[PDB]
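Participant: Next up is a structure, given as structure tokens.
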Amino acid sequence: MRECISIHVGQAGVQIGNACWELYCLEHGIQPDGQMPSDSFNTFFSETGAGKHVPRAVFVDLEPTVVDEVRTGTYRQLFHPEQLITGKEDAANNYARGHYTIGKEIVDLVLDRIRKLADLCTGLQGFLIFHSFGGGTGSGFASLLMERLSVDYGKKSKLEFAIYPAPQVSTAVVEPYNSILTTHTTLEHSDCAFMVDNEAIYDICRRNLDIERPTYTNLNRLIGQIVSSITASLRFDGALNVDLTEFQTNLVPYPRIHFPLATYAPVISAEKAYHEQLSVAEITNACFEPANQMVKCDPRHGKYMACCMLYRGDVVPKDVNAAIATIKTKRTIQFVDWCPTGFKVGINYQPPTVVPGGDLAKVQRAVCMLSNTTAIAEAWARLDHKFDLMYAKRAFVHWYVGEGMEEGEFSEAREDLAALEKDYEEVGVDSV
Amino acid sequence: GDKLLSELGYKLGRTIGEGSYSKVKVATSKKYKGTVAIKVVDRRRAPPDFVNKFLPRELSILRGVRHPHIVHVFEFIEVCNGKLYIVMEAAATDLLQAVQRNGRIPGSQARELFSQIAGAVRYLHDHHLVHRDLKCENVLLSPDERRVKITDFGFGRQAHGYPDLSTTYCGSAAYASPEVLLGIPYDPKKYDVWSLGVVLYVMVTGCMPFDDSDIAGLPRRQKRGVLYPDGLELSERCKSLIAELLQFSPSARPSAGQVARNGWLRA
Amino acid sequence: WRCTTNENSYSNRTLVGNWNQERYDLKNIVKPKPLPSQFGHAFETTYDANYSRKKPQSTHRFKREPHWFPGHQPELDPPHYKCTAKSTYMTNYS
Amino acid sequence: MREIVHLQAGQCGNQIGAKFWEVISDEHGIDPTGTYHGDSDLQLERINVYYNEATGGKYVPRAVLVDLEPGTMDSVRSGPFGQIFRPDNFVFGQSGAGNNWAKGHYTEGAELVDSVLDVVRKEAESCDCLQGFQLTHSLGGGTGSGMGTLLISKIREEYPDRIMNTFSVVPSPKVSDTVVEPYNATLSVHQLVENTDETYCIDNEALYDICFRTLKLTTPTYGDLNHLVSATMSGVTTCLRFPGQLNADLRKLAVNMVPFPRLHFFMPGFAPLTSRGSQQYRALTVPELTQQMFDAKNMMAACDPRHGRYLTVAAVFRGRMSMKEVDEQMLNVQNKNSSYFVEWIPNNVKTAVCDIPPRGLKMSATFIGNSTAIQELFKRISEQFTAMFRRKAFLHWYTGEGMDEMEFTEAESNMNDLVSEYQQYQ
Ligand SMILES: Nc1nc2c(ncn2[C@@H]2O[C@H](COP(=O)(O)OP(=O)(O)OP(=O)(O)O)[C@@H](O)[C@H]2O)c(=O)[nH]1
Ligand SMILES: Nc1nc2c(ncn2[C@@H]2O[C@H](COP(=O)(O)OP(=O)(O)O)[C@@H](O)[C@H]2O)c(=O)[nH]1
Ligand SMILES: [Mg+2]
């Protein structure tokens, strides 16, 4: 039976893990100590001999403090001390440290824990891996465990949630480096990746939910809502259940184009939801708006390639089909010449669950959208621009050189990203 | 390139205000039932200056502020392959072309157009925003040449107060200031305040005062004292006004408050 | 430029120099003040009675706290958020 | 786990060191005796970093108190937190250096280093995982400028991987308390540039500018200027000691700071500095912190950054706050004064967040800055050394320790080269 494994890496990964597992335990009714008071949870939560449920998660970080917070938190007895793995020294925003010196001592134990938990799993559906490209840990360690995980299990789907660096705001000076040097792993070793930036969520929180001071927990809660909406088809029954492999095969047409886009609807506060009627046409017209994109890219400058819609709640296929047609017969939303059929609707039953202390208003229906489209290439091109402006002066190179990366890999990775943007253009080329 | 615009009936033609990455092509429309001027921006071919670090600044000024004698754009839309057009209102002629039609404009109608454009310049500076680009080619008039509308809001900045001074030196030498060209920090309001001086001067004199041929000698000349072409008759309060708009001291020139209310313009 | 020549530099009661900054200090606000006795009727202004009120005030001691910035006054702060705060995880995820 | 070894040298060093152990003590709420008297559990969770466990619920500093002149160690033990420093870590010389860098670095340094090297190795083997070393001293002393710079040479060989940062006191132009100031400075920074991962040049004249203008203090005693340095030290590692929304450490900031190995000189700063009257018209908001931050009067060193171009900037925030109003405002300060950051690096500013604020204060932050303006200091000291070396004045004290004259030439050789390459990046 279908099984998920969560492989969260770095501080961003473990905080997303806190959010998502809090949402999952509340959704299934699991107490923080770990018992249902009163088998959809067997995708994530496995029984013990004492009648208590444990999650299929591994949180790894090369600094101990953030995970020690969870070890001392209210969920101290929900996770295992074994699935929480810490490092005495961290990468400190250095892909070389994250990939060749500190990752070597611990990739074996990480693989051991993953192997044990996969052995616990009977039918393993796949891997969801949560990390960030800016962080040295979340880039280098994730890349090396990616390299080893593919050769340990070639056939299992390896889906990536990752925090893309935002176009104007960043939290480092040397993050474009690690962003570039993780693209090799994320290109040759990922079947589909879900880069998000925090700036678009900041705009969404200012823009829809009226909250004028969100902290990291609010963006983390939105990402947790995204992943729950993704996996709702596995977890609960529905009319059109869409597991991982369906939407991955119908979102990836070419091996080197596996970079779709997340979108959620509806995102609105209680005060605003009390006055606004919500329908399938409402939420899908909200989905097809550039102002609601979780990345700073305008798809009016890009060519839609494949859209996967996940409806959830009191949804009716009539409303879905009328929605899809009232998306198709509009000139502002364009579709590529070789993709006349371009939509992937899956239907679930269970309406979204609102967490206390949350921000999202309780709604009866929701929709998630995963759109492969070509407008994303401009972000890689901007990252190329900043990488070239750094490499021309050869800044910060000595750290990597002394840690044990050869400098020609920098030029190789620049060439790789150039090839990727070139073949994105090649796919955008018309088929007449 | 133009397929999305062709679906909306936007077959433009009539190239006015030609440029590498900006044109003023007259268009035809079906929704607005008439003609619109189209301004193109090439987001990839053009340099980053326009494309990044200044692009939202220009477009936000083209989004929010409303006034009778300013730009009033209808919408911004674009064809997919990485371009940028601008759907702007009806336009007739900028001021330099109309100047050359007769050589100059007599003072009676001139103070009429100047009171209109000085009246417009009041409104820009009250809203904590600056233009830093005023030029006869960007002073777009009416078909009957009785109204003014400045355009090319390309150097906007959220200017607030004196304690912070602008460091960016952006300006064409024909309508420039030494504090732009002599490399000293300046008050953003005062640089625009002088942009009226050359605009008023060129429109009536028929020639700009100094010589935009040498970058270095122009400030040294500019302290000689501004001189008007011989045979041209103006008003004494306007002889003053040009002298208090082209003087070397930064803040000795009148600000927007006094440039608003002048004796000759009120007359 | 260390603008300090030969100058006044005497007691703050005269109210000269940075006397105001001297009054705004812990020792000055814990200094007691006698209550007026015989005489004092002559030494009075219009503002003393017409536009202001004067009453006797009780002086108190202070609590000891870990001062950070040399002119710290943690005594005269509101009696909350003075204790150790909590992590955002402990205030959101409980 | 991330342990840290507290090194000291110089009379300046010991008093700042004594005041720093005052500041991080109440943070962990540890009394003069040695017992924890705080309240919150988090406040005693991370005590292993600076303190070492002792029997009876007692904690002792990971301290190394060294000075050649024995007079000052009498003052430290007699302070308020005097009887917390372990007497074995009071390794002391028998005579002074007389403001001579030569005697402290070669002659009288050579005997006391072994005892200093004894205690620091025991401290190194006490901890499982040391983050790195740090030392406070004066480049204008005889011991700290001397023996301390001898110490920092030896540990780099013994522990190359460990980070060193020196909160180091730089001479001032007008407040000049010694005539042999340049020779020690020119002979100690030459040791810094080769063996230092990050430098903090703190100036006592600039500290006098804070009290006179920002806080309006009429009688600034040394215990005040020593507090501000101690405030900077705790603000560097507050994200290390406590959980945060986006955690960081000495390593994350150091990698985020050194573009080329010769440029590791920084200007520190402290955010919430208000006079006694200023509490009445104020509202604690992140806008009020950042405006105070980048304004040049706030700076802890003797150079206007307006005359230079900022290369890299780090701000370690402390307390409970939202992210974007920081994030918008470091974007805001980037965009507006675009002339003063370099153009070949985008996003020059680094941000770190710690949840726990300083005690009795709602919100605070610490600013570490790399800019071109630090070169304006090094040309000034080079100006004043050469005018005295060119007459070979005062020289016989230094040549009386057997040292040659080429090292004088070689020391100035690096400084002129250092300002040469530093000018190229403007
Ligand atoms: N959206 C979101 N992003 C986060 C969160 N926490 C960290 N990040 C991102 O993570 C990036 C830095 O990586 P970190 O996780 O902090 O550090 P790391 O990945 O462990 O790598 P090292 O610093 O070397 O240990 C920042 O740029 C943030 O954008 C979070 O809670 N939410
Ligand atoms: N800021 C500050 N500086 C101090 C303090 N005590 C001494 N100094 C400085 O230290 C310098 C002299 O250092 P010195 O005692 O010779 O160091 P040593 O020879 O290594 O012991 C003087 O220039 C003082 O300015 C202090 O408490 N605070
Ligand atoms: Mg990290």
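Following Swiss-Prot, chain A shows residues 1-38, 47-440, kept in their order.
Yeah, the Cβs are placed from backbone N, Cα and C, and that goes for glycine too.
What Swiss-Prot records for this protein is below:
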- A:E254: active site (ACT_SITE)
- A:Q11, A:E71, A:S140, A:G144, A:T145, A:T179, A:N206, A:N228: GTP binding site (BINDING)
- A:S48: phosphoserine (MOD_RES)
- A:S439: phosphoserine (MOD_RES)
- A:1-4: motif 'MREC motif' (MOTIF)
Participant: For the motif 'MREC motif' (A:1-4), give me same-chain residues lying six or more residues beyond its boundaries with a C-beta closer than 8 angstroms to one of its C-beta atoms, as numbers and ranges.
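Facilitator: Sequence-remote neighbours of the motif 'MREC motif' (A:1-4) are 47, 50-52, 64, 129-136, 239, 242, 251.
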Participant: Between A:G144 (GTP binding site) and A:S439 (phosphoserine), find the distance joining the two CA atoms and give it rounded to the nearest Å.
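Facilitator: Spelling it out, the Cα of A:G144 (GTP binding site) and the Cα of A:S439 (phosphoserine) are 41 Å apart.
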Participant: Given the recorded positions A:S48, A:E254, A:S439, which one's Cα is the least distant from that of A:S140 (GTP binding site)?
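Facilitator: That would be A:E254, the closest of A:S48, A:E254, A:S439 to A:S140 (GTP binding site).
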Participant: Calculate the distance in Å between the alpha carbons (Cα) of A:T145 (GTP binding site) and A:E254 (active site), and round it to a whole number.
Facilitator: 31
Participant: So for A:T145 (GTP binding site), how many other CB atoms are inside 10 Å of its CB?
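Facilitator: Within a 10 Å radius of the Cβ of A:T145 (GTP binding site) lie 30 other Cβ atoms.
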Participant: Cβ neighbours within 10 Å, counted over all protein chains: which one of the recorded positions A:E71, A:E254 has the most?
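Facilitator: For the recorded positions A:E71, A:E254, the Cβ with the most other Cβ atoms within 10 Å is A:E71.
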Participant: Just checking, which of A:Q11, A:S48, A:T179, A:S439 (recorded positions) has the fewest C-beta atoms within 10 Å of its C-beta?
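Facilitator: Each of the recorded positions A:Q11, A:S48, A:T179, A:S439 was scored by Cβ atoms within 10 Å; lowest is A:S439.
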Participant: Fill in the CA-CA distance, A:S439 (phosphoserine) to the residue listed as 'active site', as an integer in Å.
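Facilitator: Checking the Cα atoms of A:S439 (phosphoserine) and the residue listed as 'active site' gives a distance of 26 Å.
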Participant: What recorded positions from A:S48, A:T179, A:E254 have a chain D Cβ less than 8 Å from their own Cβ?
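Facilitator: From A:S48, A:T179, A:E254, flagged as close to D: A:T179.
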Participant: Return the residues near A:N206 (GTP binding site) by Cβ distance under 8 Å, restricted to its own chain and a separation of at least 6 in sequence.
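Facilitator: Counting only residues 6 or more apart in sequence, the Cβ neighbours of A:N206 (GTP binding site) under 8 Å are A:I171, A:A174, A:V177, A:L227.
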Participant: Around A:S140 (GTP binding site), how many other C-beta atoms are within 10 angstroms of its C-beta?
Facilitator: 29
Participant: For ligand 3, pick out the recorded positions A:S48, A:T179, A:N206, A:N228, A:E254, A:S439 that have a CB under 6 angstroms away from one of its atoms.
Facilitator: none
Participant: Among A:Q11, A:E71, A:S140, A:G144, A:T145, A:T179, A:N206, A:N228, listed as contacts of GTP, what is the widest Cα spread in Å, to the nearest whole number?
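Facilitator: Among the residues the record ties to GTP, max Cα distance equals 22 Å.
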Participant: What recorded positions among A:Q11, A:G144, A:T179, A:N206, A:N228, A:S439 have a C-beta sitting less than 6 Å from any atom of ligand 1?
Facilitator: A:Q11, A:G144, A:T179, A:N206, A:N228
Participant: Any idea what DSSP makes of A:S140 (GTP binding site), helix, strand or coil?
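Facilitator: Note: A:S140 (GTP binding site) is in a strand by DSSP.
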Participant: Write down the Cα-Cα distance for A:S48 (phosphoserine) and A:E71 (GTP binding site), rounded and given in Å.
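Facilitator: Distance between the two Cα atoms comes out at 34 Å.
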Participant: For A:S48 (phosphoserine), which of the recorded positions A:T179, A:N228, A:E254 has the nearest Cα in space?
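Facilitator: Given the candidates A:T179, A:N228, A:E254, the nearest one is A:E254.
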Participant: Non-local Cβ contacts of A:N228 (GTP binding site) (under 8 Å, 6 or more apart, same chain)?
Facilitator: A:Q15, A:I16, A:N18, A:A19
